[PDB]
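In structure tokens, one chain follows: the form deposited in one PDB entry.
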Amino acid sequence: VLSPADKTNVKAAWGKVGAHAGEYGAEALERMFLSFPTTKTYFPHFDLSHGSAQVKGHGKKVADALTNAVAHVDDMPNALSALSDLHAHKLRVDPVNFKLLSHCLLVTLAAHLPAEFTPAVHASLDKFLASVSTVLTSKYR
């Protein structure tokens, strides 16, 4: 569960990301495809090379969903309900991949937010991303 301090930390860090949310989402995806090539199996229809409009567009979608989750941090199962339906019935990404994307989001944030990515904030962000991932895989079976 996210503590009061976790929620403060996530709001502060994601707020600092600010206008960069879409850029960072796309960067995390790129880092994921390069670092963990098995994740590319879910995107046979994408150009996955650097500067891909498809990866940029998808990064924006991912980032905007995270922004919505932060906005509804105390009601994520419901705020993400439609998205979790899509994941369970269409996308059907194995749960391990959410941990890979989450890690790449942390790496992205670390690379951009030197002062803000403290050990406590890193901890809270990891919990937050795991919580989002849990909601998104909750309806699989």
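In this text, the rigid core denotes the largest set of C-alpha atoms whose superposition between the two forms falls within 1.5 Å. From 1 onward, residues are counted along the sequence shown.
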Which of 46-54 and 103-111 lies farther from this form in 5 other deposited structures of this protein, as RMS of C-alpha positions after a rigid core fit: 46-54
Positional deviation of Cα atoms in 5 other deposited structures of this protein after core superposition, greater for 57-65 or 82-90: 82-90
Mean Cα B-factor comparison, 79-87 or 92-100, giving the higher one as deposited: 79-87
Segment of higher mean CA temperature factor, 9-17 or 117-125: 9-17
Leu34 by Cα B-factor - lowest, middle or highest third of the modelled chain: middle
Within-chain third of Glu27 by Cα B-factor, per the entry: lowest
Assigned third (lowest, middle, highest) for the C-alpha B factor of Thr108: lowest
Cα B factor band for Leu136 (lowest, middle or highest third within the chain): lowest
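We do not show the form deposited with a partner chain bound, though everything after this point is about it.
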4.5 angstroms heavy atom contact with its partner chain in the deposited complex for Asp47: no
